[PDB]
Each structure stands twice: as structure tokens, then as C-alpha cells.
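What follows is one structure encoded as C-alpha cells, with my remarks underneath.
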Amino acid sequence: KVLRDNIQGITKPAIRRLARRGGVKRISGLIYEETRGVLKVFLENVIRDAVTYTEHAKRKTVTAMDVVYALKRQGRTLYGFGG
Amino acid sequence: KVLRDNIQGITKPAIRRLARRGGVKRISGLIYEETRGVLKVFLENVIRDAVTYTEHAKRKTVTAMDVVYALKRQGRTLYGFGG
Amino acid sequence: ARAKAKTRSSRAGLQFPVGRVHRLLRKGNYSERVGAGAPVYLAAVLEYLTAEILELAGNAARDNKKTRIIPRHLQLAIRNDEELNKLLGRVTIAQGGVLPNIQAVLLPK
Amino acid sequence: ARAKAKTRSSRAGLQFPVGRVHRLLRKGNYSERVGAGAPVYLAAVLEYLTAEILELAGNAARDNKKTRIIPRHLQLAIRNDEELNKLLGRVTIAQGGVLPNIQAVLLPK
Amino acid sequence: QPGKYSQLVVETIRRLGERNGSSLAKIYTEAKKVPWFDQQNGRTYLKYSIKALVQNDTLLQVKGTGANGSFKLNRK
Amino acid sequence: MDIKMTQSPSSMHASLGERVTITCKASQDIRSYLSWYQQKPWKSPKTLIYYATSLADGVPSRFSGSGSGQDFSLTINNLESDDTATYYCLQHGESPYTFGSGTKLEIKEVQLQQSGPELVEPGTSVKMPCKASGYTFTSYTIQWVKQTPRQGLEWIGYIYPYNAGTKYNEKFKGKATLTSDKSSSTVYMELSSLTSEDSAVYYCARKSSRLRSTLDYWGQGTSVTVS
Amino acid sequence: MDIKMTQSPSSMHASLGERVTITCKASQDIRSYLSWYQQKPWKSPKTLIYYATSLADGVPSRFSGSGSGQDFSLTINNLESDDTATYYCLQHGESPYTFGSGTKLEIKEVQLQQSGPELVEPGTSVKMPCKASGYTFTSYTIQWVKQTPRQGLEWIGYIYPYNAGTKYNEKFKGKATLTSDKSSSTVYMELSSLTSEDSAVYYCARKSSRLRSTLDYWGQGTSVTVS
Amino acid sequence: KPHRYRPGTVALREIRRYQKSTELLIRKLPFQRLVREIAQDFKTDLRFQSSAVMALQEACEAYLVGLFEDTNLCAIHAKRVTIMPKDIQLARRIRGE
Amino acid sequence: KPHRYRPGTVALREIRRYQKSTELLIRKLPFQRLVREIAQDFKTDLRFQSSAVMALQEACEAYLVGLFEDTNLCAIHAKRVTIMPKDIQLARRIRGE
Amino acid sequence: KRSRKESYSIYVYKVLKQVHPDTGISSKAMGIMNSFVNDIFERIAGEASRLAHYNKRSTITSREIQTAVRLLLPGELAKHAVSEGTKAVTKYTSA
Amino acid sequence: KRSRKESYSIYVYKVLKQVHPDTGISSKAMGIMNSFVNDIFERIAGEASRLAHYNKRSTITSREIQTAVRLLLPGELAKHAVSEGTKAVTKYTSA
DNA sequence: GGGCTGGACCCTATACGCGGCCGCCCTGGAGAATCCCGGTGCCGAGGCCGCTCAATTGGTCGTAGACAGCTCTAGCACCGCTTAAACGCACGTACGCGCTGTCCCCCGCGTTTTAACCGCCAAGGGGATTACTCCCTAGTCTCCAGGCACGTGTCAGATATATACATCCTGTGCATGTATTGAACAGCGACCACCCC
DNA sequence: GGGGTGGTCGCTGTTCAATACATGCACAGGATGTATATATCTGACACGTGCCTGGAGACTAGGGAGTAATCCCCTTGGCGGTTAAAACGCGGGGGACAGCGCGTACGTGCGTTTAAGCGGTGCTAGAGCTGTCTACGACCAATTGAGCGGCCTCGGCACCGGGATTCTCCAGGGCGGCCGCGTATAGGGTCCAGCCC
């Protein structure tokens, strides 16, 4: 029921693929933990605003529009999800 | 009437002082021209917006309030002149 | 009373809905008064920008030998242009990917 | 009949002007209508943030053995606190200077 | 009257072998365990020894200059 | 110049249920920056009131507080069995933070992990670590306090991980030094030249840089014993 | 399959103060992407009309453009002595750009610094620089145009300095090569295996990446002569 | 004998592959569980639209890629070719994060 | 008798000096002339408030100071102490300019 | 019975058919183009609102929208959007 | 006869006298604090307007101002501003 | 009458070339990747049909702003003078860069494991809409008091001076290491004082 | 009174002592810079005064927001395979980094020049405000057709299979310079024959 350790679900090969798309040729092994931490920070910051919008609308379901508003408030304007 | 070569008024001592306040210990001699170029680019971007606001107000005098609006539109909100 | 009517878009020579734009300007709390030429001018600008983006994306799709513009083609069209990328510098495009770019020092030789 | 008038600020227990905040909210094109408790809540928040800035700046001025808060003290107060620096991350303080900071590797052995 | 660390390095090169010459790094690492070796200036004494022995042509620089490169004994 | 904080009712007895009041008197004006702390025996203090009026997170509404200036008071309406504990005031309006003498009352997710007991011979030096987790490490100062049965609770000093700023109690200058580790989110307190006087329990305490914030979470206490 | 440009009035004669009209026919629909250029003898072409209707900067209202699809027209209302020049159209609606055959008229600060005349031998290679100033270098493509006295104006290709993208005329692959230097705001076109056929005056031309934007500013021209 | 490629060429092949492709690189279900876990700290028993989870994943992947680009630029500035946590930290800190 | 400090030591004093003070580091009259020379390319015969020139100078110096901070961070990342145009350019590229 | 939602899909499609008669589009690219149109609409609208506030004007005119365009659009985008809008406004006035 | 130009100077000064009775403040620091108050006012009001528009509400209430405060202010500053505003609103309602 | 000298035969120290060996460079081949091309199928993109609600039109009205005119302020232009900052030059030293050496740690790849993905199915929570109502905010008029412009004094800090303490730098002297070299010291060849016959 | 031997002097081999050279370390003191305390003064801020307009109080209108009910959709949960991907393990190579050499780039200081800063003087362009009036945007009633939801098909493209082309890795071979060993060469030692002393 409770979700506990899912940050490790961002696997080593997935981070490698992201780095490849970023143009990274060689990867220090500590980048995995560093990038997991950075991703956790970004997700916490965005989801906090999304849940704030969801609470304000008195809704129990976080909507893609709520996510888009959170991102736009954080300067991460996303096209393609109803914005 | 015409002003031509005033970018050289940002002397190497002045750039040194700015670097010192920035915490720079040793300074390659090309930094002087690189920083003069960067400063000119930033000043052009700000003054263009300031003159746009001045034109919109049908004013022939550029005001500190116009400069503050330009900077804020460029994400560099300046406190102390916005009256 | 109305009669056989027209659109303000047709009067302006525009495809975009000048009437809808005026409604949104008036209901958007942008000002108390909204001049009649403002939605016309704004719809012209909106149509121009949409036309530019769509034409560049169609050129990119043609170069790929695809018939239908996709987010990849929109991303390519926007990123491959200096000032359009400047305007959309902060923007993320879903399913758009990234421009192919490898740094010179990473290549062999 | 008309009687002794008194500010909404005193009624709310606030120093910042509830009435002026309400006037700016209604004249500022933020929405069609402006509920009564909104300027109260806003003036309370404005007063809290102003007090939080001014107390820290006064502490800095006291430490500097100066009686009057100056832009230097305001800058020091803002920058030396993470939350306030985050809130004013994009903000420049005129005549505010910069925090004294030298990187370790630049210091002599 | 050769120096103690001079004898140390000249015999340590033989002990290590390294047909392509031993570098200062590996000779230093192998001589560090010597009992009288000075932990603070032992490397400095080894550098003096290497430069002086190259001046005496008893050691041959395969490449480099000064302490850079690798060293092996000149034949007798 | 230190502001002595004078809790008047040093001890009291009460039956179950009935209302209880505790009053404390400030030596100088502290401008409402006072907090109350409940300490069950052999356990770390938990906060009850901050800014002299505001209920802490998770404390039942049975507690209340009031007062401003120099006179401050605490109230407990519905006494329950677990309420038996020592109640301390804490002023933080002025740089040397001062706790009250403590009132003994008897009747008929943030995690700070702190090291276990320490046995140290005099003249030695010791490093008590502070493990912070569950929150943004750099935003909150870590506050160090010394508890002795003879002198009560004393504030030693604080570390601000954001910029490694320091402030120490004059009684602890040189004696204590504070350092931080952003990489492990850990804080260390150094004690130099241990003395028999230093046999005490030390608590690390989280406190945001907000002026009205108080010591909200406490470590389990590192019991340092000098032989 | 190149779009053929067909200026009908190859030559006209007119007096002062009367009207002159020039027409242009395309082989395929170009959707108004057409521009008009005035070239005085031994002078770089100056643009007059762009997007088939719009006056260029610094061009007086005496010049009027018209038409869309395949039929386009240029009109000059009040001819003057200075108007004696040859006028070319240019379509840029399809990737290989095509200039018109040229129409001769007889009446009875952005700077692109270009290299001087170069005399060269067959079989060698030649590199010509364009030094741009007065504008943001990376935002505009640089267009290279070859003007023979027999085949008129011809478009070689362009380089887009923002990402070093290039496009070449099928007649000029291998023959020409384009490279850009951001630091010096200078672009080089290299010609390989020079031939007597390559004896022509080459013009560098700035063109924005905007589709309706045309070749607006032109360099003074660098004459290449092959023995 | 088994054929083998030299180190660093399959890296370039992968770089070109993923700079051409556009699909999402992080496993969707693990990222869904991660988002649910992180949101559990702000409100209990939340629900998420599939489109909301997808928008989150797009934004995070784009942020990560844009960060790795700057990381690689810093690594090259250090005359290295391996990205390091000190490179990531310098990139983030210059960005202001 | 002539006396000299070691190079790299007066620099620390100068850094501490200017990190203390708050006044403008760029000469006001030539910065004013530079502003007029830049603006005349956008509109001729403009007027400028003294407060507008001062505000421009404040913003320019603050931008330059933050840029040099990022530049010094890049130089230290390169295991150097000298800032170079490649350091400035890297800082600008990460910042987003 | 069910509620309606407005979009720019049909106008984007008509502009697509005008600029490239044979080239089609996709649902996701149409969503991206809707978002792009909405975003720039909001940007110029907000900037014109601030221009009116800064100049103490109750009304958003075509001059305010023009100045907002000159502020937000870089380089030649500004020039060409100003020309497009000026042409549209002159045509609307004449008609 | 020149007309008035309103500001927050007297209000900032009175809050200063409340938090630090004997300290002064310079004109420049007063200007900077006035700008700070204007900036934070604009930020909160803009976010509240956006919340109302997103929720289709015509009115800006204390709930929208609270949510704007929670969004724009970080960490403990958010909850302290929330407490300040809630106390002020409850007092104002109790009259 | 026999060794010396001359010429010739033999012992031996030596510069140099050929065979062996390791490295440099080339290239063909194995093979794995990538691209072009065709066949298939499927699901979403584009078009049509129905309807409903919002966009249009004609008319009225009120006030926002366009326009004229006036004022007064602050922005610019100029001139003189002092002096501090900038510049030009010398000089030196430490830092950046090149080069080499070491080793370890990430890349490539084979093998095993597992859990993401997808298809299918079900439950039910809540998101959205509609109907109703009531109370909460806009709007208006009165009127008074709070806040802003202006004036004034005094004291906080800016300035000038002196002093006391701190850090830097260098010059000196001593404690490690290294190689260099003249002579102090002892062994043997050779001249002499002195014993033996 | 000579033959002959150990003693002793002179020449010389051995090595050790001082000689000479290079850096790490400690410290004293000269030099400059900074932190601190005191006296002067001036203009910037804090407070008082006049008033006028904008905020408060009282009351009205209506429409926007709260609340109860209903539907259904869309989110969550579960289950069973099926691989595709992730995890794991191992060999190695090439990249990170540590160390040193060097030279030149750039900091530090001194003398010179200039041009910034400050003040005073003068002027007028234009910012700001008020007053007039009209055109233009708001608002309303009626209308109708444009735009969106639902349905449907059919072709663009995604996938699969198969060659064709290209790029990468490397093993072997061709080609060249350096190393190991023997040789043509001559310097010198040694043997045979004629001759001078």
C-alpha cells in the first residue's frame, strides 16, 4: 500500500539513456545517485505546487492542467497537455 | 552630438574592480574585451526596452521607471528606483 | 437585430477568430475597456506566428519525407531557428526530443 | 447618520492599510469582484514580510554599530537567509553590495 | 662517498628491473618502505640523487627531462 | 546583561482534570519571542507553544499560552496521566538564549539522530554528531543545548548550514565549536578540554531562521560523562 | 525541375515623370515569396520590394509591387534619371532560389565588408570572406550569389551561423563550400577546382531566417577571374 | 574469437540513437510509483490523471536532459570527457538551483 | 628602499575591500556617455533622467558581478585560478544566454 | 447531455492548409500548437495590460498590443508581426 | 500646487518602530522597502488572479490569497504568513 | 767469431656490415550496424452532419482620452579646477600548459533475473453538471480624518587624526640531503748507518 | 776494511675530511595595512503643521458563490503472460589525475597624464497638469450561422522481413631502423737470414 523506496526505480540504464540523449560520452558511477537526488528535488518542487492547485480547487485528483500550471509557475512551460 | 567609441570608457581598472567584488583573484587579459562585449549586449537589450516604453508613453525622456519596467520584463527586478 | 451576417475575421482578412479573441480579452481581466482594433491586431499576430511555425514544421516534415507534422517536426522547426528558439527558450515541447548535437572533442580522431 | 470613522487596519489589528490594499485590488484589474477578507489577509501578509525584513536588517545594523538601516543592511539580511534569498533571488538591491565571500582555493597557503 | 638515498635509488632500479626504465613514481613507492627513508623529504632527496646520477651518466633517461620520464642504469 | 527567565511556580501538585496555570517572568522585554517545552523524564523535550501564543504541530488544544512583554503564562485545561513532566520557558528575543528554571508538574517526517552515551576522561576532546533527515537540511539552523540537573538547560550555540554561520554562548566560546557537512546532512559539536562540569546530556534542536520559529524537533540526547 | 523565372519586358525605354510596369511569370506557385532588386551598373543590387508587395526599408513609395501565385508585377510611378538600372525578380518560395533574367530601364548601419578582386589560375581553390557588422551575426543567414555577365544572377547557397546549417544549389555542390566564424563575425565561401566558367562577380547577401524575409543587404562584390 | 568493439564507440552510437528518437527514456510505471510516493507527503489518498503523470514525466525528462547537456559542457571545460557530480553541481549552481 | 608584496596577495586585500564597500565601480560620466551612445541607435535626441542612468549602472554592475562570480566558479572548476573568456562563455552558456 | 470546450484547432488547421495544402497534422502536434497560441496570446495580453496600467489607461488599444509585440517578439519576428497586424487593422478599418 | 504621491513609507516606518523601537532608516532603504512591498503585493495579487481565472471564480477571496501565499512563499515563511493572515482575518471578522 | 737489424710470419685490438628483432604503417577481410525498399495492416486524421450558443448588428449613451494651452522642472550644455584614477612601463614569479607515468574504473559484452507492458476486467469515487437560494460584494452618497506635501531642527554618521595591533615578507642562521677534491696517512722502492767476518 | 741488512727518507696509493651546493624550517624585525577611539560638522532623517481627498459608514440590488443531488467516466486495483530491459559479472584500456619542467603571462609598484568629479551658470525642451469635447467603447435585444461533438472511412506511416551499403576492429603482412655477432684491417709481437762490431 505505502510506497517507500521508489526513487531507486530510476535505474542506472535509464540515467545512462538520459545522459546519452544529453550527449554525454562517459559517465562517473556517482552520477546515478546525484541525478536521483536532483530528480527527487525537482519532482518534490513541482508536485508540491500541483497538489496546492489541487487543494485549492477542492479536488482530490491531480490534473494535467494542475501540473501545467505548477510548471508554468516554476518557469517550465510545457506544450502538449492542454496549456 | 554624435557619440562613437564610448565602450572603451569601461576601463580595465573598472573591470578589475568588478571582478574583485565578484571574488576574482587572477584575470586573463582578454577578459577586458570579453566583458566589454557582454556589457554592451546587456545594455543594448535593456535600453531597447526602455526606449520602447518611452515611445509608448509618447515621452521624449527615458525615465528610471521605464528602466525598472524593462529590467523587470527581463527578469532583473531592481529595488530602489521604482517610485 | 441580426441579418445575413459575416465574421470580423473575414473583414480583417484573417483566419483566426477575431470575435473569440475579443471575448477572451474582455473576460480576461486585462483591462476595463478593450478597443475594437486590439483583437484584430492580436489575431493577425497570432496567425502570423502560427503560420511561421507551421510552415517551418512542414518543411522539416517534407525533408523527413513525412506527410503529417508531428511534435518532432515542431521541435526541429523551433530549435533550428535562433529567434523562434529565443522566444520559446523557456518552453518544453512534449515528444519533441532534442536536436542532434555531439561535441567535437567527443568524436574520434 | 454619520459618526466617528476609524481605519479597517485597526479593526484587523494590522499596520498595513486594508482599505488602500482593497482599493488597489479593485482598481488593479485582478478580478471582477474582490471579497472583503482578501485585502485584510493580504495586508497581514505584507506586514509580516516587511517586519521580517526590517527586524533582520535592524539586527545587522545593530551588529554594524549603526542606528539606521541602510541598503547594505537590507542586502545582508536578505542574502544571509535562505528563504528570503529564494524569494528575492531575481532581485537587485541598489547600493546593496554583495556578501563577503572568497573561495578557499584562492586563499594563500 | 655516495649518498645513502643515492645508493638506495641506484640499487632499487636494479631490484625493480623494468627493462624500459623505472619512473620516479614507482621507485619512490618501492623505496618508501625502507626503514631510514625520510617521510618528509625522501622524495626530495631522491630527486637530488636522480639528477646528480644523470649528471654522472650512471643513469639513462629513456625520455623526459629532470624528474620526468623513466630511468635505467647505463651499462657499467 | 543576560535575561534571566523566572518561572514562578517551581513545582506544583494537581488532581486529574482540573485546570493548571504556569507563569514565567522575563528580566527584560523579549517582545513575545518565548516558547514552552514539555520534558518527560529520561526523554527529550517536545515543544508546546511558540511566539507565546501559537500551538505547535500535533499538540492537543488542551494546552494554551498567553502574555507579552515580560509576563508570560501557560495553561493546561484537561489534565491527563501523561502530562506529568517538566515545563520550561525559552526566550529567544535577544542573542543569548535563556531557558527557565523549569516547573515540575505531577498529578495523582523530521528525524534527528544523535550519538549514544560517551565516557571521556578529563582533558580529552569529543565530537557529538547530529544526523538530520526528513527535511531540507540547509534551511534550518541546528541548535545545541546542554542539560544538567544542577544548572538546568543552557543554550550553547547554533550552526546555519546555508552559509556555515556561527553564534555561541559566551559561556561556551572556545569550549564549543560547530561544523557542518552538507554532503551527509550532518552537524558536529566539538568540546575541548573536558571537565567534570561537562557531565551532561546534549540535545541538537532544529530551528528555522524565522525569528518567531522555535526549537521544534530535538535529538534523543548524547549523554556525555566525565570520569 | 528548377522554378523558371520569366521576366516578360526584357527592356523598356521611358522619359521622366511617366510610369513603367514590369511583370514576372513563374513556372509553379510560389505563394508570394518574391522580391524585386535594383542593380545599377557596377553596383551591388539593392532590394526594393519583398513578399511581393512590401516596400523595403528606405525605399520610397514610387515603387509598387503586386501579384501572387505565378503572376507578379513591379511598378515605378514617377521615373527619375537615377532610376536607370536593371531590375531582377527573385523567388525564394522553393529551396533552389531563382532570379529573373533582368529588365533594363533607360531614361532619356548593416555593413557586409567583402574582399577585393582576385586573379586566380584554373584548378586551384579560392576562399572569399564576408565581414559582417552592425547587426546580430548569428540571427541571419548569409546568402552567396553568383553574377555572370551571360547567365545573370545565380544563387549558390547560404549558411546559417546559429547552428552552421547550410544549403547548396545542385549546380554548385562540391564547387562551393561555406564556413562561418562567430568570433570574427566573418563567413567564408570556398570555391574548388576553379574553371574559366567560374569567372563571375560574387555577392554576399544577408537574409533573415524568416521565410518572408528576403536578401536585404548586399556586399560590394568580389570579382573572381580565371585565366 | 568473439568480436568486440572499442570503448566509446557504442557510446556515440547510443548518443545518436537517442538524439534522433523522441520516446520517453524512464520506465513509466516506476516513474508513476515515484510520483505517487513523492505526492504522498503533501496529501494522502491522492489520485492522478494518466495525462498528469505523463506531463510530469515529460517535464522531468526534459529537465534532466537539459541538465546533462550543461554537465557535459562543464566536463569538457575541465578538459575531461567524463561527467562527475562536481560537474552536475557546478551546472546546477550556475543555473541558480 | 623599494618594497614589494608577493603577487597574488594584494588581490585578496582588494577583493575584501570591494566586497565590503557598496559604491559604484564604473566611472559615472563615461558610463553615461556609453548609455547615450547605445540608445542613439534606437532613438535620436533622447533625454535621460539622472535616476535612469543610475538605475542602468546599478543593474549593469550587479549583472557583471554575478557573471564574474560564475566565471570564477568555472575557473576554479578547471582547477585554475585565472578567469578566461572560455570561462565567461561557459558561464553564459549554462546561465542561458 | 455534455458541455463544450473551445480550442484553436480549426484555425490552426486552416492556416496549415493555406501554407502547405498537402501537409497534414497530428492530434499531439495540434495540442502543442493550441498551447503555443494560448501562450503567446497570454503573453501579449498581459504585456499590453501592464502597458495600460503603467500609462494609466483604461483601454487596451491596437497601439498597446503593438508595443507589447515589439517588446516580446525578438528581431524580425517583431517587424513582420507588426506588418501583419498593421495590414489587418488597416483592412478592418477600410472594411 | 503639486498633488500627492502615495507610498508605503509611513507604514514601513511604523512597523520598524514596532519591531525595533530606537533604530532609524535611511531614505534609500525606505525606497527599497517600498519597492519590496509593491513587488510582493503584485506577486500575490497576480497569483490570486490566476487562481481565480483557473477556477472560473469571479471573486478574489482570502482563500485565493492564502493559496497564492502558499505558492509564492517558501518553507516556514509560508506557514508564518498564513498564520499572520488567518489571525488578522479572524480578528477582522470578529469586529 | 756472434748479436743487431731488416724483412717476414703470426697474436691480437678494432671499425663495420649482415642477420634477427621490434616497431610503423597499410590494407583486406570479418562482421556488425545502418539504410533503402517493399509488403501489410491498423487506427487516427480528416471530412461530413446536426445543433446550440455565442458572434454579429443596429441603436443608445456616457466618459476616457485626444487635443490645446500653460507652467515649471529638470535635463542638458558649458566652463573652470583639483586631484584621483588610468596609463605606460619595468620586473619578476607562479601559474597554465605541455609532457609523462600510473592505475583504476568505467565501457563493452555475455548470462541470468525480474518486473514493465499490455490486454482484459471489474468496482466505485468523485468530477462535472444542474437546480435552487441567499448573502456578499458593487455601487452611491455623505463626510471626516488620515495621510501626504512642506518646513524645521538636531544628531548620526561621514571625515579627519592619531594610535595600537596584525599580517606579510625577507634576511639570517641552522638542520637534512647531495657531489667534489686536496691532502693526511700508511706501504713500498731505494739510499745510508752500521754489524760481521 | 769490504759485503751486506734493517732503518729511514722519498714517491706514491687510499680515503677522509673539509669544501661546495641545494632546500626545509624557525624566527626576528622592518614595512605596510587595518581595527579602534576621539573630535568636528553637516545635511539627512524624524517630527510637527495644513488640508483635502480618499477611505469609512449606511443602504440598496442582484448576481455570484455555496450547497444538495445525480451520472457516469475514468482512476485505481487486480491477474496472467511475455518478453525487454535491468542486474550482474569480468576483462581491459584509456581516461583521470598526479607530478614536474618551463616560459610566459600577468600581478605589483612607480611616474605621468588625463579626465572624472564637483561646483557654478544658463536655458529651454518637455513632463505634468487642467480644461473641452467628441468619438468610441460599453451595454441590450434579436438573430443566425460558425464552431464544436459525434460518426465514419481510408491512407499515412509504423512495423517486419530482406538485402545492400558502410563503418569499425584487427590480424597479418610489407617496410624500416636498431641491436647481436662475426669479419677485413692493421698495430704490434715474434721468428728467420744477412750483416757490422
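Residue numbering in chain D adheres to Swiss-Prot, whereby the residues present occupy positions 11-119 in order.
Heads up, header says this was done by electron microscopy, 3.1 Å.
Backbone N, Cα and C atoms are what each Cβ position is placed from, and that goes for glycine too.
Residues annotated as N6-(beta-hydroxybutyryl)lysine in Swiss-Prot, with experimental evidence given as evidence: D:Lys14, D:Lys37, D:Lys96, D:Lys119. What Swiss-Prot lists as ubiquitin cross-link is D:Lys14, D:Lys16. The annotation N6-crotonyllysine is assigned in Swiss-Prot to D:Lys37, D:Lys119 on the grounds of experimental evidence. Residues annotated as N6-(2-hydroxyisobutyryl)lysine in Swiss-Prot: D:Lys37, D:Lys75, D:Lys76, D:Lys119 (among others). Residues or ranges marked as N6-succinyllysine in Swiss-Prot: D:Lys96. What Swiss-Prot records for D:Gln105 is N5-methylglutamine.
Comparing D:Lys37 (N6-crotonyllysine) with D:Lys76 (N6-(2-hydroxyisobutyryl)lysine), their Cα atoms are 40 Å apart once rounded. The C-beta environment of D:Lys76 (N6-(2-hydroxyisobutyryl)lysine), restricted to residues of the same chain at least 6 apart in sequence and closer than 8 Å, consists of D:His83. If you count neighbouring Cβ atoms within 10 Å for each of the modified residues D:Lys75, D:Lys96, D:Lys119, the highest count belongs to D:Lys96. Within 10 Å of the Cβ of D:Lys37 (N6-crotonyllysine) there are 11 other Cβ atoms, across all protein chains. By neighbour count, meaning other C-beta atoms within 10 Å, the densest spot among the recorded positions D:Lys14, D:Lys16 is D:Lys16. The two recorded residues, D:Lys119 (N6-(beta-hydroxybutyryl)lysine) and the residue listed as 'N5-methylglutamine', have Cα atoms 33 Å apart. The shortest Cα-Cα distance between D:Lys75 (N6-(2-hydroxyisobutyryl)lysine) and any of the modified residues D:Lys14, D:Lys96, D:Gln105 is the one to D:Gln105. Annotation for D:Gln105 (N5-methylglutamine): same-chain Cβ neighbours under 8 Å, separated by at least 6 residues, are D:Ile80, D:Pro81, D:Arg82. For the pair D:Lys16 (ubiquitin cross-link) and D:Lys96 (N6-(beta-hydroxybutyryl)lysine), the Cα-Cα distance reads 38 Å.
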